[PDB]
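Side-chain atoms are counted along with the backbone in the values below, which use heavy atoms only and exclude waters and symmetry mates. Every chain is numbered from 1 and lettered A, B, ... according to where its sequence line falls, protein lines coming before strand lines.
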Number of protein chains: 4
Amino acid sequence: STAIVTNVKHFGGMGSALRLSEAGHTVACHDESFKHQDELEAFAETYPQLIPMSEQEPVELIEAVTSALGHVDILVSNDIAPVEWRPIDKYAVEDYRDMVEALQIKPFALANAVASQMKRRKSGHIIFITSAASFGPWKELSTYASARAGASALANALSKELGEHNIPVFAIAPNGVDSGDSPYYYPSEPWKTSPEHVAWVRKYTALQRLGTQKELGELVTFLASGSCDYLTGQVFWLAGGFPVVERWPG
Amino acid sequence: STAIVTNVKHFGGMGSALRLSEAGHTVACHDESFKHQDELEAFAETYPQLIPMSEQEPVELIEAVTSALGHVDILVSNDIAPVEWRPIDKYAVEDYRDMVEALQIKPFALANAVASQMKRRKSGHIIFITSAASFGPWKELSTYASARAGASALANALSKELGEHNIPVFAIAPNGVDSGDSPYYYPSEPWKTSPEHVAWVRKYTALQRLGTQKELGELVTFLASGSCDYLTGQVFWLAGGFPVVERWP
Amino acid sequence: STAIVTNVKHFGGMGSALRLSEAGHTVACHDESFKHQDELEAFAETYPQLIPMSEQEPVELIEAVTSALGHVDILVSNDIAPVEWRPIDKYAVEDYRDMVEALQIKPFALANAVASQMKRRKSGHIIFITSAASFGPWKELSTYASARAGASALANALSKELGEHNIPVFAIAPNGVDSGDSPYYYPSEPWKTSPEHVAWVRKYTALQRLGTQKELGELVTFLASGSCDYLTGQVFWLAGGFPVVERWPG
Amino acid sequence: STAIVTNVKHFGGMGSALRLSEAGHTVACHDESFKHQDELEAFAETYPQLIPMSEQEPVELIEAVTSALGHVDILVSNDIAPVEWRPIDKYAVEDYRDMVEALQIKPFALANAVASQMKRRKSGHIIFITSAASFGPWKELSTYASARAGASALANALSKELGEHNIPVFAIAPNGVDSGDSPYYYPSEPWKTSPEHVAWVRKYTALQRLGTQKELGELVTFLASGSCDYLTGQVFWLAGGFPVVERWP
Ligand SMILES: [Cl-]
Ligand SMILES: [Cl-]
Ligand SMILES: [Cl-]
Ligand SMILES: [Cl-]
Ligand SMILES: [Cl-]
Ligand SMILES: [Cl-]
């Protein structure tokens, strides 16, 4: 069994690849930084069980993994883009195009690249990592929320067509997952260190903590296990019960 | 009150422009065909209460209207694309981009063009006409259903930023609305006349009929009326109770 | 055209009945206090256009209105019950039974009483007033949130069966609607007067105000107009964009 | 870790008890039939890893288990009622009360019985097995679909209060799960053997099969495992992609 996780250094990347590798999958990894062979090799060294690739675009990635490692059983589309808050009238339209490009066109492209081999084999699992920002409670986050909702809906729609070919499709919509060193999207600092941030988490999440990479990994790996294919089409709101607002005052 | 309805000849376009007009709004209408004087004037003539414009692109359309008529109070982004079923791998990625450009970047670009002027007065209404396909029961409609959910989510997200500024934002997510002569998306032929289509409707919708332009224009006009701004952020599933599924055999 | 609004002195009651009366409906009104003819008559006097009834239970109410005023075209089930926040282990089970009785059994009972005449006539509209507390962001509100979600789901399910008989069914799920003198659920005081409450509203709602009775009335009346029957099965979240949480701090 | 599964012979009951056991949990099982020594011991004998109890009522069942086994870490409220289609006016209000009592007051009463002890240790998991009927595509299932949504909403509401206390709460909302010999709700006959039922499944579910007990027990066991507490509040639509609707004819 062979899996690909994109953007492996950020967001859901490491939790997914590490937990998948432990489950006995051969895991190919993608990252922008794997353009430079310095970076690739420093990552191959640190992580001898993972298999990082130079390939950058969806179709050359799928073919490169398919050449080397067999045939893709699992796609984890771990999509990232900078959120910077701003009012609608300030954004340029070309900004929304880039947002949709990173968060929405990308997973479609990866699914579209892998789908016909999975269908031929009548097996595969496809998992988009999106965000709980979809129809979420934020303001001035509009380009981001909407592109993520695009990607979740794409997952749910694909499930309906690929079910016939025995391929479950899932979206994982996180909030408050500790991203460690990565800025996408809850780096240990300021989130574990700054008392103002720590107070925000305890205020608005039900479990009053950040989620761990390992939780995000365990979920990815359960979905990819073949244990619960019948959940196909589910968007999983991995957000520790966010949002939680307080009772009326006084 | 001045309103712009885009793609007025299609989908929800005529219901909206007509029902808005009938309530007192001054309605500027956009359409691809209005690129032609002849097509424009035929419309103007058939519809003397409406004010067809020729402009095609968001910034230019917004400014044309703001000149002619002084300001834009109401945006109805009546967005349309060809609903073509292919398996996901039968598509090219550029087809998804085109669908996203028509259904998602378009209404963003209109919103972004009119926003700062609505924000200045602390008043306005923004309505996106999307589709019930968004998180719906269909297969091989993957590009369409997901682009439509992006638009709907974009409306809901904007309602949250623009509420500060007293600007309600909505989406209307239709299914089965009789669109008369327009192929978007339920032309009266074959949907009122061909027994299978008639049957499909009867099977799968709760009220067992097509929806009407009037029903849709009435909703647009209600949301625009200022009577219930507090509904801001709502996505309206205008789908006659679709989908309905038979009991166990 | 004849309409009934229950619990007319509270929650959505007056906005609905007053706005419906203006639309040309003959409006029968129900209230617990109409048990005492003092109260009935003081209300009939104040509101000569409305038609208050003594009848208390669903079936005697429907028959009493049907006898006097013709035939019920519109039911507005304006359901109320005390919310008092509490942890699960504190509630007695019998409390949850009373909650479900008031918020869930009641609308079913009213629908079940009116449905067979509407179906015979192939016309009628049925509107439950529920709450945005359903799957909402509160904690320790659990009995209330769940009974309201029961009533919204009941509306959506009824729409699917009664559509065949040309009867649209709707739920209106409010939050932050000014209830004036009524404690159900946002009385002018403390909500319009107490600076702490005023600050809470401006914080967590998008429009940064309470909604008016008149807005809640206008919606009821549009749905009941016969203008947009195709919306049948919709739950309307009349909550001015609540909830809105703030950006990450710092 | 000690777990209670209610109504173990039905619906999601056997998948849960078996898969939990197989993972190491000590599983106490409840069932209406265990009111009978004979029925109880036949079960015990067939299933030596499980620990059938005789108690019937929430407070008494919770306390029986807490004595026998010291504490309750995991509650799986596997609730069942007869799914009988009548038009809404064909019902009596008391039938709705009974459905609500079985599907909604029951899991509340179990939650409320076990809560204070989970809260004391700051640990536990609560899982309600509800149904995808909740906001679903059916007609004349009005009592059932609405009671199931109440239960699901109750789980989500509790996840928000009990998170402070480190207690994850979930609902699992199934459709089309092969229930073997149980009539709740997809017995292998006629659903694996009768051509129409086989066809109905193939038409309306995405994966075109029934779901399995194993698939459901695996989910219960995963949620109970403590591996992904951060999913708390989730309602799981375990429905093979149901509903799926045909394209236009
Ligand atoms: Cl960022
Ligand atoms: Cl996150
Ligand atoms: Cl439509
Ligand atoms: Cl109260
Ligand atoms: Cl309210
Ligand atoms: Cl099932």
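- Shown here is B:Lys35, whose NZ atom has no more than 12 heavy atoms of other residues, nucleotides or ligands within 6.0 Å.
- In A:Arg121, the CZ atom is crowded: over 12 heavy atoms of neighbouring residues, nucleotides or ligands sit closer than 6.0 Å.
- The number of heavy-atom neighbours closer than 6.0 Å to CZ of B:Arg86, taken from other residues, nucleotides and ligands shown, is above 12.
- Across all their heavy atoms, B:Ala145 and A:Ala157 have their closest contact at CB-CB, 4.4 Å.
- Between A:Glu140 and B:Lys160, every side-chain heavy-atom pair lies at or beyond the 4.5 Å cut-off.
- Remark: B:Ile105 CD1 to A:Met99 CE distance equals 11.0 Å, nearest 0.5 Å.
- Under a 3.5 Å cut-off, the side chain of A:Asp89 and the backbone N or O of B:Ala115 do not form any donor-acceptor pair.
- If you measure heavy-atom distances from B:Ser159 to chain A, you find no contacts under 4.5 Å at all.
- Using a 4.5 Å heavy-atom threshold, the side chains of A:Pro87 and B:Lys119 count as touching.
- Of the residues considered (A:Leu141, A:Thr143, A:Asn156), A:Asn156 shows the highest number of contacts with chain B, using heavy-atom pairs under 4.5 Å.
- Atom CG of A:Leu158 sits about 7.5 Å away from atom OG of B:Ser146, to the nearest 0.5 Å.
- In the displayed structure, B:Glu196 atom CD is contacted under 6.0 Å by at most 12 heavy atoms of other residues, nucleotides or ligands.
- Heavy atoms only, all atoms of each residue included: A:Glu161 and B:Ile88 are closest at OE2-N, 2.9 Å.
- Contact count against chain A (heavy-atom pairs under 4.5 Å) is highest for B:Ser142 among B:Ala92, B:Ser142, B:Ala149.
- No more than 12 heavy atoms of other residues, nucleotides or ligands lie within 6.0 Å of CD in B:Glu32, so this atom counts as exposed by the packing criterion.
- Neither the backbone nor the side chain of B:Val114 comes within contact range of chain A, judged by heavy atoms closer than 4.5 Å.
- Neither the backbone nor the side chain of A:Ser134 comes within less than 4.5 Å of any heavy atom in chain B.
- When heavy atoms are compared at a cutoff of 4.5 Å, B:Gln104 approaches chain A by way of both its backbone and its side chain.
- In this structure, A:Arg97 and B:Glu101 have side chains that are in contact, with non-hydrogen atoms separated by less than 4.5 Å.
- Summarising the local packing, NZ of A:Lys90 is surrounded by 12 or fewer heavy atoms from other residues, nucleotides or ligands at distances under 6.0 Å.
- Contact annotation for B:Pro58: neither backbone nor side-chain heavy atoms come within less than 4.5 Å of a heavy atom of chain A.
- The stretch residues 87-121 of chain A participates, sequence neighbours left out, in these ring-ring contact (aromatic ring centres under 6.0 Å, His included) pairs: A:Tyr96-B:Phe108, A:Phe108-B:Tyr96.
- What you find for A:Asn112 and B:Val93 is that their closest heavy atoms are OD1-CG2, 4.2 Å.
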